[PDB]
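Presented below is the structure to which this report refers.
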Amino acid sequence: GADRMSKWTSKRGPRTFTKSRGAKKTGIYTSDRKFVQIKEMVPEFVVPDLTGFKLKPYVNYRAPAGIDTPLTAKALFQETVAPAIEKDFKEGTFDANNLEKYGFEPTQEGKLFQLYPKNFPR
Amino acid sequence: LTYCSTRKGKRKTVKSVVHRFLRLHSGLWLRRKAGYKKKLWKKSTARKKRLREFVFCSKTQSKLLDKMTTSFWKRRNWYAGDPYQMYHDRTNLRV
Amino acid sequence: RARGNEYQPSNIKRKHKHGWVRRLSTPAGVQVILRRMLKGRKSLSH
Amino acid sequence: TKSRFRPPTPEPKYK
Amino acid sequence: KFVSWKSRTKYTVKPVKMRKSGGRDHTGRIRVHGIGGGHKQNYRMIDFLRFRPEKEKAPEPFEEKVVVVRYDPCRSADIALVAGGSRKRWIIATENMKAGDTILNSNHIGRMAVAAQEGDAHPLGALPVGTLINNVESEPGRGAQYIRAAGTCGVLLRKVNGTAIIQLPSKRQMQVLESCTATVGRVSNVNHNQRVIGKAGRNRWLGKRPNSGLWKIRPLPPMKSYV
Amino acid sequence: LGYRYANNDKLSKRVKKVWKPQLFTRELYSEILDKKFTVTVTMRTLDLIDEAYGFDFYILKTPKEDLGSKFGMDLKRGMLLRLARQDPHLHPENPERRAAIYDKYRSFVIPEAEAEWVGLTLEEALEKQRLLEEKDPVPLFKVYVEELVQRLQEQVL
RNA sequence: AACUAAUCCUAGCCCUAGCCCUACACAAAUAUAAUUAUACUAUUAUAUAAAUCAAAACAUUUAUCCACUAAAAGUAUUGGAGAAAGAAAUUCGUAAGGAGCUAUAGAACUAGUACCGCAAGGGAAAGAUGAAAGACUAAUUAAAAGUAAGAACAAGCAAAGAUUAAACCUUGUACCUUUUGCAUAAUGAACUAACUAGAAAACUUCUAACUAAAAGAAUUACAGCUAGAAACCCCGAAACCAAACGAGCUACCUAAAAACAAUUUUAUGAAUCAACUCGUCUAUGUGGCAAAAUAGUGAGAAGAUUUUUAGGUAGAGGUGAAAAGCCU
RNA sequence: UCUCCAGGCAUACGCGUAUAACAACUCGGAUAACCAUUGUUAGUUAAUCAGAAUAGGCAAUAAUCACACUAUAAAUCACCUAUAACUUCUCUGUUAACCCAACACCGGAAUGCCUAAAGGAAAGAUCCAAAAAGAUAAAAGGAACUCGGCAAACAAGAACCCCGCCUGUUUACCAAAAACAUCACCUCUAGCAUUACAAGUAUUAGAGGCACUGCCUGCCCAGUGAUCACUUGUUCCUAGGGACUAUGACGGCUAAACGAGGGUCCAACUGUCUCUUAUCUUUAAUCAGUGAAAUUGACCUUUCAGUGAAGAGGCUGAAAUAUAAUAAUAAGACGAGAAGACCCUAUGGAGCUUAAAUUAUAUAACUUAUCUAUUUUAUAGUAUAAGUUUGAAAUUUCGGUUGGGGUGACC
Ligand SMILES: [Mg+2]
Ligand SMILES: [Mg+2]
Ligand SMILES: [Mg+2]
Ligand SMILES: [Mg+2]
Ligand SMILES: [Mg+2]
Ligand SMILES: [Mg+2]
Ligand SMILES: [Mg+2]
Ligand SMILES: [Mg+2]
Ligand SMILES: [Mg+2]
Ligand SMILES: [Mg+2]
Ligand SMILES: [Mg+2]
Ligand SMILES: [Mg+2]
Ligand SMILES: [Mg+2]
Ligand SMILES: [Mg+2]
Ligand SMILES: [Mg+2]
Ligand SMILES: [Mg+2]
Ligand SMILES: [Mg+2]
Ligand SMILES: [Mg+2]
Ligand SMILES: [Mg+2]
Ligand SMILES: [Mg+2]
Ligand SMILES: [Mg+2]
Ligand SMILES: [Mg+2]
Ligand SMILES: [Mg+2]
Ligand SMILES: [Mg+2]
Ligand SMILES: [Mg+2]
Ligand SMILES: [Mg+2]
Ligand SMILES: [Mg+2]
Ligand SMILES: [Mg+2]
Ligand SMILES: [Mg+2]
Ligand SMILES: [Mg+2]
Ligand SMILES: [Mg+2]
Ligand SMILES: [Mg+2]
Ligand SMILES: [Mg+2]
Ligand SMILES: [Mg+2]
Ligand SMILES: [Mg+2]
Ligand SMILES: [Mg+2]
Ligand SMILES: [Mg+2]
Ligand SMILES: [Mg+2]
Ligand SMILES: [Mg+2]
Ligand SMILES: [Mg+2]
Ligand SMILES: [Mg+2]
Ligand SMILES: [Mg+2]
Ligand SMILES: [Mg+2]
Ligand SMILES: [Mg+2]
Ligand SMILES: [Mg+2]
Ligand SMILES: [Mg+2]
Ligand SMILES: [Mg+2]
Ligand SMILES: [Mg+2]
Ligand SMILES: [Mg+2]
């Protein structure tokens, strides 16, 4: 006679049964049943200063939209790194070892914002 | 009787008939006399003489055996020196 | 006496007996799940 | 004795 | 699922909480009938290897003091806490044992038999033939497994060529080596047989459940006629 | 695992019967491996080893099927790899002894690459292949750099 | 002169043919009591399929169940030599459609959903306007049973011969199955709509083609041989075996717990008697309030007591203060 | 505001929006008003209520007001030694008349506190019929009723027989007992350890039987001499010679006590009865709303005699006879329902019992082998095979004729 089709949540079951609704944990439970919040585990919203901002939620109809071109890795490379290498190649001051000079990162370890695996949320 | 066998879908011969009766192509069937090898010491000489003979079958018995045997056992067999050569045909019978 | 009230609901009893973890414990229970997935059932277990 | 029943379908007829 | 309560690795005098099995196996099926229920009981670990030297102590005869003679619910006989050196242990108590008495545990084997007071462990060879003994063991260093029930005693019938014959309480005669150590005297609670239960509910206290209500030779072929 | 007729007549009852091998545990020494293994072995294998004039000969000669054991197949790979590589680990500091063993079993020498894939199951072979072909993705940065350098170099040429 | 209703056509489906696959679904969560962001206790199919059934029983045995077409051939062989089973050698081969279904049909399917069972699991029903509803949702039909419009008028298997006349007069022992070839018996049917049960070619007969030969390879033949047409139902047990699923009811046990006023005895499976547990008797009820209750009356009520929570024992078994009692 | 009834507020398990207002008046409430129904909008706010670091060392002394007092069934992390870390508020539960019983079911449902301060309404309007159900009252009599003092009573007292010793337990939903358990008594089995028994060891553990308790009481107890010799007995060697032999499977019964046990008897008591009546509630009947079930070949559905299969609304011969409703009775319709009963059949089953037939690596055993140790053949064992011996079990079966049955028989 139990309803099998309804979702299993903490409102149901005895007192002992509990579970989260998806809220991210922000602290630790120490011995003796004491909660110790950790400030670093609490997200902090980085909010910019909007003074002098010239952009509003809606855009004018008169303004014409452009052609959609999903950005690709090749396109970014040509814009940023290709010109430096091209000029350097003419000057001859280019070597395989110093690709980092143009911005190459050998490993993501040591970066605050690791590209992969991502260590930063949206 | 197996009227339709699984592997081939054909009628199956009963081998109890093949080992007891002989069919002549005309349609007659031959058989032995039951007990011709049994307790011969107490049978009369005339009694034993009858048993040794080969006997024919009736229309019903012949009809039965024809249902329990397949056409292969109803064909013409050209055996050289066959001791039943002359008996496969009926002659001077009006009926 | 008066029958008909055999079902004495307890969520701890229910989930232990016919729950997901209980079913997966044995291959005979996992084959219960496997058939239910084949049929198309809304709920595979409790 | 046996037992079986049928549902009272909502049957909205507004077409 | 079924994990026996007997999981304590280290000896301690403190009573250990018990779990009864109701007769059920580790599979949950009854392997012995009539067992179930009764008062909650605490196990008191008993040392039957009387001559056990203390840590970093020479293996020589030593004495110990009988602190108290307690009642053990897990045995017919009554245990007695014995304190010696820097350790405390529970041992089975003899009939006349009293608190404050000193008992002797002696591995030393004497060529000449010496009269031994009740409760002092001595090798069977040391004991003169005919002395009442208890807590006898099959092999030296195996603990006691015979004559450890309330009021039981054993007789040292014969010592020959380093072999001792002991008449067990059932009158079975068992041979062991004279090296085996058995303390003198009968076990305590001699009057265990004289008790009267009186009421059915009393046996239900002890854990003995009621019995069920369910209520030959082959003659040889020649003998079938006469029967 | 089969059935028998009680009293060996087909007119009696059909009774389940299982026939078991008289397993024995013995110790065997492998010259190529220079190690002694303890294995459960039937009297049939002992005769086969004797007819093969040595434990090492028995393992190498017997095909995969006749051997009928995964443990034996691993021994086959180990012995074959030992001979294939002429590993100096066999009887170190005694080169004379090592040469004798290798020469005695020289007939079974096979290429090293083939020896590795001996006795492996499909899953183990699949795992071996996956590990060999595992590689972290090449950064596109480098890939574009190679293409750019080649194009620039060709243009200058 | 109409209510209840009826009419309807495409939703999908079925069997083939062709074809291995490369439909593995942002982000987040899930093996914890799944769908709970992080450490604790770690994680692993199965020894031979049985039986039903057939042998008019049953005990050896019993096609499929459990390796290319056709031929050899239902032959050799095997078999309580019974029912039955059954080769090979050796020959031969280049291989998108519907005299199907159309809403009780075709798949169970609008859906593995609702609903039912603790679980394994079982399992539905139905829809209908037109080109346009940004044209006030059409039509279409004395048409089923059932009613209404319109209750009835001595007398009788309800009708038939009749008749000027609906009824009066004359004649007349419902139907099927079933028993003997008899029923005033005995079974079955309130009525309507739809659905709902004879199937195979050895021998025979009939009709043709060619004819000592017939047949599009292997077959048969002392008029045969080849082809055609022509045949043998439905529903229903008690059971048996395999594998899952069940001890939230109930029997028993483990662990952690809780309840017991007042009175008299004493120091208790003792006494009076509530809560509470039980269920001797009578009455009512009997499709009941109830698939075991209600009203009274009774038994125990500090104990072998009652109750609560979680866990364990599972069918060739479990449990049993033995009633062959219990195990939803 | 009035009349009357007397389990209520929280908690847990459970349930899952049934909570609350508004709006509707199709559906649900078994009828209405009103909503528990439909749609929309809302809602339950916790650092206190509730739920969710490591390695060692070591504990004899219940509870009950714990003092006295005894008893027996023997009974709840802490504190130390060191290492590591040095200032925190997140997450989840919170509503309701609620759950298990197909139902807004006279049933089931644990704990805390309290017994009205909390919670509720037996009658929709009518009416006074029979029958039926419940309550109260009774002239005289007092069990004359009846299978029986069943039920009832202004009574609830006394003794007896039988059976079981007592308390206790059992067929959930027809038997609560005389049956099962039970203490005590008796019999059989086992000399022992790291998962039941059991962390136990013959005064113990398993298995089974039986009320115990003093008293009568079974047999069994070589014979004669007299702790002694012969005759016996038992064995060998050949009818001889040696050798050896120093009360327990049964009754009465205590005997008292106790019993929702089975029978009786006296006393009181009574509407049980002679002999029935009166009032009230319920039900009924009437008005209003709502709306089942078994059943049903068709029916324009009569009486008597005859016939018939213990049989006739319907056939045969007479007779009777305007049509319909409402409320009553239960003679007939072999009246309707049930998994009830009875005798017989089936080469239909299933449970139990073995002196049935066929098997039987459950177990135990031993034998020869294999095989490893050992000693020159030898005694040990055994990841096995082949036998022999028990049988825990599995499988299958219930011939025919004798008016039923056991015995005879017969085919
Ligand atoms: Mg139910
Ligand atoms: Mg319950
Ligand atoms: Mg008994
Ligand atoms: Mg068989
Ligand atoms: Mg058969
Ligand atoms: Mg039969
Ligand atoms: Mg359909
Ligand atoms: Mg369907
Ligand atoms: Mg009509
Ligand atoms: Mg007429
Ligand atoms: Mg009918
Ligand atoms: Mg049938
Ligand atoms: Mg439980
Ligand atoms: Mg019980
Ligand atoms: Mg009290
Ligand atoms: Mg009861
Ligand atoms: Mg009482
Ligand atoms: Mg009493
Ligand atoms: Mg009492
Ligand atoms: Mg009985
Ligand atoms: Mg059931
Ligand atoms: Mg509300
Ligand atoms: Mg309102
Ligand atoms: Mg109702
Ligand atoms: Mg609402
Ligand atoms: Mg709190
Ligand atoms: Mg609340
Ligand atoms: Mg009212
Ligand atoms: Mg009234
Ligand atoms: Mg009265
Ligand atoms: Mg009166
Ligand atoms: Mg009387
Ligand atoms: Mg009475
Ligand atoms: Mg009694
Ligand atoms: Mg009693
Ligand atoms: Mg009963
Ligand atoms: Mg009782
Ligand atoms: Mg009763
Ligand atoms: Mg009684
Ligand atoms: Mg009187
Ligand atoms: Mg009426
Ligand atoms: Mg009315
Ligand atoms: Mg009429
Ligand atoms: Mg009439
Ligand atoms: Mg009449
Ligand atoms: Mg009549
Ligand atoms: Mg008449
Ligand atoms: Mg009547
Ligand atoms: Mg059978």
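Just remember, in the structure tokens the first chain shown is A, the second B, etc., residues are 1-based per chain, and ligands are 1-based in the order shown.
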
Determine which residues of chain A sit within 9 Å of chain G, taking into account only C-alpha atoms (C1' of nucleotides), and present them as a PDB file with C-alpha atoms, in the first residue's frame.
ATOM      1  CA  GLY A   1       0.000   0.000   0.000  1.00  0.00           C
ATOM      2  CA  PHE A  17      15.619   9.193   7.843  1.00  0.00           C
ATOM      3  CA  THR A  18      17.000  12.460   6.480  1.00  0.00           C
ATOM      4  CA  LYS A  19      18.549  13.640   3.230  1.00  0.00           C
ATOM      5  CA  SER A  20      19.370  16.909   1.535  1.00  0.00           C
ATOM      6  CA  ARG A  21      17.345  18.778  -1.073  1.00  0.00           C
ATOM      7  CA  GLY A  22      20.541  19.445  -3.035  1.00  0.00           C
ATOM      8  CA  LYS A  24      25.820  22.328  -1.131  1.00  0.00           C
ATOM      9  CA  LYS A  25      27.582  21.572   2.142  1.00  0.00           C
TER      10      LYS A  25
END

For residue 45 (chain C), list every protein, DNA or RNA residue within 12 Å, evaluated using only C-alpha atoms (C1' of nucleotides), and leave out those in the same chain fewer than 2 positions away; present the list as a PyMOL selection string.
-> (chain A and resi 2-5) or (chain C and resi 14-24+29-30+32-37+41-43) or (chain G and resi 34+119-120)

For residue 29 (chain H), work out the shell of residues within 12 Å, counting only C-alpha atoms (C1' of nucleotides) and skipping chain neighbours fewer than 4 positions away, then give it as a PDB file with C-alpha atoms (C1' of nucleotides), in the first residue's frame.
ATOM      1  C1'   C H  34     -22.702  22.900   3.989  1.00  0.00           C
ATOM      2  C1'   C H  35     -18.437  21.117   2.049  1.00  0.00           C
ATOM      3  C1'   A H  36     -14.451  16.580   3.140  1.00  0.00           C
ATOM      4  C1'   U H  37     -15.938  17.460  -3.766  1.00  0.00           C
ATOM      5  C1'   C H 103     -15.905   2.686   2.179  1.00  0.00           C
ATOM      6  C1'   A H 104     -16.620   9.462   5.995  1.00  0.00           C
ATOM      7  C1'   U H 290     -31.179   8.582  -2.431  1.00  0.00           C
TER       8        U H 290
END

From a DSSP calculation on the backbone, collect every residue of region 23-225 of chain E in strand (DSSP E or B) and output the set as an MDAnalysis selection string.
-> chainID E and resid 24 30 35 42:43 46 62:69 79:84 87:92 94 102:105 121:123 132:134 136 146 154:160 163:167 173:177 181:184 187 208

Using only C-alpha atoms, which residues of chain F come within 12 Å of chain A, and what is the closest atom pair for each, with the distance in Å to one decimal? Give it as a tab-separated table, sorted by chain and residue number.
residue	atom	partner	partner_atom	distance
F:137	CA	A:116	CA	12.0
F:138	CA	A:106	CA	11.1
F:139	CA	A:106	CA	9.1
F:140	CA	A:73	CA	7.8
F:141	CA	A:104	CA	7.3
F:142	CA	A:99	CA	8.3
F:143	CA	A:74	CA	10.1
F:144	CA	A:74	CA	7.5
F:145	CA	A:82	CA	8.1
F:146	CA	A:96	CA	9.5
F:147	CA	A:82	CA	10.7
F:148	CA	A:82	CA	7.7
F:149	CA	A:89	CA	8.2
F:150	CA	A:89	CA	11.2
F:151	CA	A:86	CA	10.4
F:152	CA	A:86	CA	7.8
F:153	CA	A:89	CA	8.9
F:155	CA	A:90	CA	11.4
F:156	CA	A:90	CA	9.4

Generate the output file for the selected residues, N, CA, C and O atoms, as a tab-separated table (two decimals), in the first residue's frame.
chain	number	residue	atom	x	y	z
F	137	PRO	N	45.43	13.29	-24.90
F	137	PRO	CA	45.22	14.06	-26.13
F	137	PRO	C	46.31	15.10	-26.33
F	137	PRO	O	46.74	15.77	-25.38
F	138	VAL	N	46.77	15.23	-27.56
F	138	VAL	CA	47.79	16.23	-27.88
F	138	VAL	C	47.16	17.62	-27.81
F	138	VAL	O	46.07	17.83	-28.36
F	139	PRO	N	47.79	18.59	-27.14
F	139	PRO	CA	47.24	19.95	-27.16
F	139	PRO	C	47.14	20.48	-28.58
F	139	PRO	O	48.06	20.33	-29.39
F	140	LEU	N	46.01	21.11	-28.88
F	140	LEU	CA	45.83	21.69	-30.21
F	140	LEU	C	46.83	22.81	-30.46
F	140	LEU	O	47.27	23.02	-31.59
F	141	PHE	N	47.19	23.55	-29.40
F	141	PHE	CA	48.23	24.56	-29.50
F	141	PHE	C	49.43	24.05	-30.29
F	141	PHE	O	49.85	24.67	-31.27
F	142	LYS	N	49.98	22.91	-29.87
F	142	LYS	CA	51.12	22.34	-30.58
F	142	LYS	C	50.76	21.98	-32.01
F	142	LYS	O	51.53	22.24	-32.94
F	143	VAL	N	49.58	21.38	-32.21
F	143	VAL	CA	49.19	20.92	-33.54
F	143	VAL	C	49.13	22.10	-34.51
F	143	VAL	O	49.65	22.03	-35.63
F	144	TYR	N	48.50	23.20	-34.09
F	144	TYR	CA	48.45	24.38	-34.93
F	144	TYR	C	49.84	24.94	-35.17
F	144	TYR	O	50.15	25.40	-36.27
F	145	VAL	N	50.69	24.92	-34.14
F	145	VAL	CA	52.05	25.42	-34.30
F	145	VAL	C	52.80	24.63	-35.37
F	145	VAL	O	53.49	25.21	-36.22
F	146	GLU	N	52.67	23.30	-35.34
F	146	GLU	CA	53.33	22.48	-36.35
F	146	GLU	C	52.84	22.84	-37.75
F	146	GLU	O	53.64	22.98	-38.68
F	147	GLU	N	51.53	22.99	-37.91
F	147	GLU	CA	50.98	23.36	-39.21
F	147	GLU	C	51.47	24.74	-39.64
F	147	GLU	O	51.85	24.94	-40.80
F	148	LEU	N	51.48	25.70	-38.71
F	148	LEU	CA	51.92	27.05	-39.05
F	148	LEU	C	53.39	27.06	-39.44
F	148	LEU	O	53.77	27.69	-40.44
F	149	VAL	N	54.24	26.36	-38.68
F	149	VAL	CA	55.67	26.35	-38.98
F	149	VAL	C	55.93	25.72	-40.34
F	149	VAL	O	56.73	26.23	-41.14
F	150	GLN	N	55.26	24.61	-40.63
F	150	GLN	CA	55.45	23.95	-41.92
F	150	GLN	C	55.04	24.86	-43.07
F	150	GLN	O	55.75	24.95	-44.07
F	151	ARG	N	53.90	25.53	-42.94
F	151	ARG	CA	53.46	26.44	-43.99
F	151	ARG	C	54.44	27.59	-44.18
F	151	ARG	O	54.79	27.94	-45.31
F	152	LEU	N	54.90	28.19	-43.08
F	152	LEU	CA	55.86	29.28	-43.18
F	152	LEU	C	57.18	28.79	-43.76
F	152	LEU	O	57.78	29.46	-44.61
F	153	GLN	N	57.66	27.63	-43.31
F	153	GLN	CA	58.91	27.09	-43.83
F	153	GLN	C	58.80	26.80	-45.33
F	153	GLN	O	59.72	27.10	-46.09
F	155	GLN	N	56.77	28.23	-47.49
F	155	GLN	CA	56.70	29.49	-48.22
F	155	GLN	C	58.09	30.10	-48.40
F	155	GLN	O	58.42	30.60	-49.48
F	156	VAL	N	58.91	30.07	-47.34
F	156	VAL	CA	60.25	30.63	-47.44
F	156	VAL	C	61.09	29.83	-48.43
F	156	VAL	O	61.86	30.40	-49.21

Can you list every residue of chain D that has an atom at most 9 Å from chain G, with its nearest atom pair and the distance in Å to one decimal, using only C-alpha atoms (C1' of nucleotides), ordered by chain then number, as CSV?
residue,atom,partner,partner_atom,distance
D:1,CA,G:291,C1',8.4
D:4,CA,G:116,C1',8.4
D:5,CA,G:115,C1',8.5
D:6,CA,G:115,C1',7.9
D:7,CA,G:115,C1',7.7
D:15,CA,G:137,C1',7.8

Out of chain B, which residues get helix (DSSP H, G or I) from DSSP, as a PyMOL selection string?
-> chain B and resi 15-18+40-42+45-51+59-68+71-74+85-88

Using the selection just defined, write its residues with N, CA and C atoms as a compact mmCIF listing (two decimals), in the first residue's frame.
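Listing of result_24.txt after writing:
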# COMPACT_ATOMS: atom_id res chain seq x y z
N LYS B 15 8.46 -51.53 -37.41
CA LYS B 15 9.43 -52.59 -37.62
C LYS B 15 9.02 -53.91 -37.00
N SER B 16 7.96 -53.93 -36.19
CA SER B 16 7.44 -55.20 -35.70
C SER B 16 6.82 -56.01 -36.83
N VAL B 17 6.36 -55.34 -37.88
CA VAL B 17 5.80 -56.04 -39.03
C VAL B 17 6.91 -56.54 -39.95
N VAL B 18 7.91 -55.70 -40.19
CA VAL B 18 8.99 -56.04 -41.12
C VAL B 18 9.71 -57.30 -40.68
N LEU B 40 7.53 -78.58 -28.31
CA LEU B 40 7.35 -79.57 -29.37
C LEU B 40 7.26 -80.99 -28.83
N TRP B 41 7.68 -81.23 -27.59
CA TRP B 41 7.70 -82.60 -27.07
C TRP B 41 6.30 -83.11 -26.72
N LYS B 42 5.32 -82.22 -26.55
CA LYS B 42 3.96 -82.61 -26.22
C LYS B 42 2.98 -82.39 -27.36
N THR B 45 2.48 -85.29 -34.01
CA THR B 45 3.24 -85.15 -35.25
C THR B 45 2.44 -84.39 -36.30
N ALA B 46 1.14 -84.68 -36.41
CA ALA B 46 0.30 -83.92 -37.33
C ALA B 46 0.25 -82.45 -36.93
N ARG B 47 0.15 -82.18 -35.62
CA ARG B 47 0.14 -80.81 -35.14
C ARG B 47 1.42 -80.08 -35.55
N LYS B 48 2.57 -80.72 -35.36
CA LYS B 48 3.83 -80.09 -35.71
C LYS B 48 3.92 -79.83 -37.21
N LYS B 49 3.39 -80.74 -38.02
CA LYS B 49 3.45 -80.56 -39.47
C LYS B 49 2.74 -79.29 -39.90
N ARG B 50 1.58 -79.01 -39.30
CA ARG B 50 0.85 -77.79 -39.65
C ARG B 50 1.65 -76.55 -39.28
N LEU B 51 2.31 -76.57 -38.13
CA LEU B 51 3.00 -75.37 -37.64
C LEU B 51 4.14 -74.97 -38.56
N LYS B 59 -7.99 -60.43 -45.63
CA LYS B 59 -8.11 -59.09 -46.19
C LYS B 59 -7.92 -58.03 -45.12
N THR B 60 -8.50 -58.25 -43.93
CA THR B 60 -8.34 -57.28 -42.85
C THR B 60 -6.90 -57.22 -42.38
N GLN B 61 -6.30 -58.38 -42.09
CA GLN B 61 -4.91 -58.40 -41.65
C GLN B 61 -3.99 -57.82 -42.71
N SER B 62 -4.23 -58.15 -43.98
CA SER B 62 -3.43 -57.58 -45.06
C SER B 62 -3.64 -56.08 -45.15
N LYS B 63 -4.87 -55.61 -44.94
CA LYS B 63 -5.13 -54.18 -44.95
C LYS B 63 -4.40 -53.49 -43.81
N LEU B 64 -4.39 -54.11 -42.62
CA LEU B 64 -3.70 -53.52 -41.48
C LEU B 64 -2.21 -53.35 -41.77
N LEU B 65 -1.55 -54.42 -42.21
CA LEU B 65 -0.11 -54.36 -42.44
C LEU B 65 0.23 -53.34 -43.51
N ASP B 66 -0.64 -53.15 -44.50
CA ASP B 66 -0.40 -52.14 -45.52
C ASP B 66 -0.47 -50.73 -44.94
N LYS B 67 -1.18 -50.55 -43.83
CA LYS B 67 -1.20 -49.25 -43.16
C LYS B 67 0.03 -49.05 -42.28
N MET B 68 0.63 -50.14 -41.81
CA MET B 68 1.77 -50.08 -40.90
C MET B 68 3.11 -50.18 -41.62
N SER B 71 5.57 -47.45 -48.64
CA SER B 71 5.56 -47.92 -50.02
C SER B 71 6.86 -48.64 -50.38
N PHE B 72 7.98 -48.25 -49.76
CA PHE B 72 9.24 -48.91 -50.06
C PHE B 72 9.13 -50.42 -49.90
N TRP B 73 8.34 -50.87 -48.93
CA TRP B 73 8.13 -52.29 -48.69
C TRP B 73 7.04 -52.88 -49.57
N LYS B 74 6.58 -52.12 -50.57
CA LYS B 74 5.54 -52.57 -51.49
C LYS B 74 5.98 -52.47 -52.95
N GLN B 85 10.21 -66.16 -56.47
CA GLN B 85 10.05 -65.50 -57.76
C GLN B 85 8.66 -65.73 -58.34
N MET B 86 8.17 -66.97 -58.28
CA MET B 86 6.93 -67.34 -58.95
C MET B 86 5.68 -66.90 -58.20
N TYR B 87 5.81 -66.53 -56.92
CA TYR B 87 4.66 -66.28 -56.06
C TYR B 87 4.25 -64.82 -55.99
N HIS B 88 4.95 -63.93 -56.69
CA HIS B 88 4.63 -62.51 -56.63
C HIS B 88 3.46 -62.13 -57.52

Counting only C-alpha atoms (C1' of nucleotides), chain H residues within 8 Å of chain F, as a count of residues only = 5

Go through G:154, G:253, G:190, G:105 one by one, measure the shortest atom-to-atom distance of each to ligand 11 using only C-alpha atoms (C1' of nucleotides) and all ligand atoms, and give the residue with the smallest value.
->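 Residue with the minimum atom-to-atom distance to ligand 11: G:190.
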
Can I get the residues close to ligand 41 as a list in words, where close means within 12 Å and we count only C-alpha atoms (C1' of nucleotides) and all ligand atoms?
->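 Checked against 12 Å with only C-alpha atoms (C1' of nucleotides) and all ligand atoms; the hits are residues 283, 284, 285, 286, 326, 327 and 328 of chain H.
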
Which residues form the shell of 10 Å around ligand 22 when you count only C-alpha atoms (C1' of nucleotides) and all ligand atoms, given as a list in words?
->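 Answer in the requested format: residues 18, 19, 20, 21, 35, 36, 96 and 97 of chain H.
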
Which chains and residue numbers are within 7 Å of ligand 6, counting only C-alpha atoms (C1' of nucleotides) and all ligand atoms, if I want them as a PyMOL selection string?
-> (chain G and resi 57) or (chain H and resi 347-348)

Produce a file of the selected residues containing N, CA and C atoms (P, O5', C5', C4', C3', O3' and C1' of nucleotides), as a PDB file, in the first residue's frame.
ATOM      1  P     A G  57      -0.907 -45.908 -20.539  1.00  0.00           P
ATOM      2  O5'   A G  57      -1.256 -46.450 -19.084  1.00  0.00           O
ATOM      3  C5'   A G  57      -2.142 -45.744 -18.228  1.00  0.00           C
ATOM      4  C4'   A G  57      -1.966 -46.169 -16.793  1.00  0.00           C
ATOM      5  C3'   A G  57      -0.589 -45.918 -16.194  1.00  0.00           C
ATOM      6  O3'   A G  57      -0.420 -44.589 -15.729  1.00  0.00           O
ATOM      7  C1'   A G  57      -1.233 -48.140 -15.752  1.00  0.00           C
TER       8        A G  57
ATOM      9  P     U H 347     -10.432 -44.842 -16.909  1.00  0.00           P
ATOM     10  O5'   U H 347      -9.447 -46.051 -16.585  1.00  0.00           O
ATOM     11  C5'   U H 347      -8.040 -45.892 -16.692  1.00  0.00           C
ATOM     12  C4'   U H 347      -7.305 -46.673 -15.632  1.00  0.00           C
ATOM     13  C3'   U H 347      -5.859 -46.269 -15.403  1.00  0.00           C
ATOM     14  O3'   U H 347      -5.749 -45.155 -14.536  1.00  0.00           O
ATOM     15  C1'   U H 347      -6.021 -48.632 -15.553  1.00  0.00           C
ATOM     16  P     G H 348      -5.020 -43.807 -15.012  1.00  0.00           P
ATOM     17  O5'   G H 348      -5.350 -42.778 -13.847  1.00  0.00           O
ATOM     18  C5'   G H 348      -6.687 -42.412 -13.550  1.00  0.00           C
ATOM     19  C4'   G H 348      -6.799 -40.924 -13.362  1.00  0.00           C
ATOM     20  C3'   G H 348      -5.846 -40.328 -12.340  1.00  0.00           C
ATOM     21  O3'   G H 348      -4.545 -40.128 -12.859  1.00  0.00           O
ATOM     22  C1'   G H 348      -8.009 -39.520 -11.927  1.00  0.00           C
TER      23        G H 348
END

Within 12 Å of residue 189 (chain H), counting only C-alpha atoms (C1' of nucleotides), which residues show up once you throw out same-chain ones fewer than 3 positions away? Write them as number ranges by chain, please.
-> H: 205-208
